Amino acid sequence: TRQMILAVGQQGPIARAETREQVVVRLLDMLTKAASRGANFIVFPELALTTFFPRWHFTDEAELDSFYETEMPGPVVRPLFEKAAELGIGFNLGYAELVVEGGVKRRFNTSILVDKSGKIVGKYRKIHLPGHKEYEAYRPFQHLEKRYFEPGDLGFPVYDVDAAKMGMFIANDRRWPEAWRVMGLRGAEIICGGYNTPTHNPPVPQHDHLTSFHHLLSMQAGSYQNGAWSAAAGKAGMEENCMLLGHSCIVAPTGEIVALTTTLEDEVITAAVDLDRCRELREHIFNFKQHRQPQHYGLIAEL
């Protein structure tokens, strides 16, 4: 087939004390409603199981570890996979991944793709870690991802998810044309991921009123230039006193926004997706093999 209905499950805030059981309840509800609307795949936010902990400066490692998943899924998250298989609707779930190798802990900002059978068919680990590295007393909230996470070691892969070639990005990655391009070259038909974007940036507050503009601009250009459908799921609202951006969206391979959220709570949007639409770009104006000149792009790949 080449037809499907894609959905985005935007999340409202997640409190520090809110349990994964409670979140799964909210997650289940969205997946159920999306399915009731015909969707066979739903995109969830970056780190969708917990509050955005990278905003705090940690000192107690046990504290930090508590925000990561040591298995996927665990007993508490399993019900999501079961419901996924039951209703026949895949999903993109973001979470904090903790792996212990030879006694050494490895941390990643992760996202996985589950097909409509309820099976994990791909994973991606955040490659572009935003923010600063050291505590900055002036900021009303920190952004210490470079500390609590290592740069993804999977590159930007593209997986087959129920007849659709899908690629993954996580939050900040969406702002990097390289991320989109690599997956575009790998033939992605859909490029999705979630995000936690504060509408306020302490180091550059003069860009606060452009938060939506910059986010939407990234999704539209990315889709357009790679002739791919895209979807972004944000966790929005006032979370732990930090206002997070909404405007979760689904974009056509022409860069046109076909669905957009308007609340700052859990919200489901859907859009019919024709995987062959990609050809309007990828076989003409952006027919890579016929127009690209990689012999002159070398600087982009230099270390």
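In case it trips you up, residue 1 is the first one in the sequence shown, and so on.
Point to revise | 73 to 81 or 187 to 195, whichever carries the higher mean Cα B-factor | key: Higher mean C-alpha B-factor: 73 to 81.
Check your understanding: Mean C-alpha B-factor higher for 217 to 225, or for 117 to 125?
Key -> Going by the record's values, the stretch with the higher mean is 117 to 125.
Review point. Per the PDB entry, which option out of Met166, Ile170, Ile112, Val104 has the greatest Cα B factor?
Key: Out of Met166, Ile170, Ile112, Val104, the record gives the largest C-alpha B-factor to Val104.
Point to revise | Relative C-alpha B-factor of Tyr159, binned into the chain's lowest, middle or highest third | key: Tercile = middle for this residue's CA B-factor.
**Study point:** Lowest, middle or highest third - CA B-factor, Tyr148
**Key:** As the PDB entry reports it, the C-alpha B-factor of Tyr148 lands in the highest third of its chain.
Practice item. Please rank the C-alpha B-factors of the chain's modelled residues and tell me whether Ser230 sits in the lowest, middle or highest third. Key: Bottom third by C-alpha B-factor.
Practice item. Could you say whether, by C-alpha temperature factor, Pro294 belongs to the lowest, middle or highest third of its chain? Key: For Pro294, whose C-alpha B-factor we compare with every modelled residue in the chain, the answer is the highest third.
Exercise for review: For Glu134, return the chain-relative third of its C-alpha B-factor as stated in the PDB record: lowest, middle or highest.
Suggested key: It falls in the top third of the chain.
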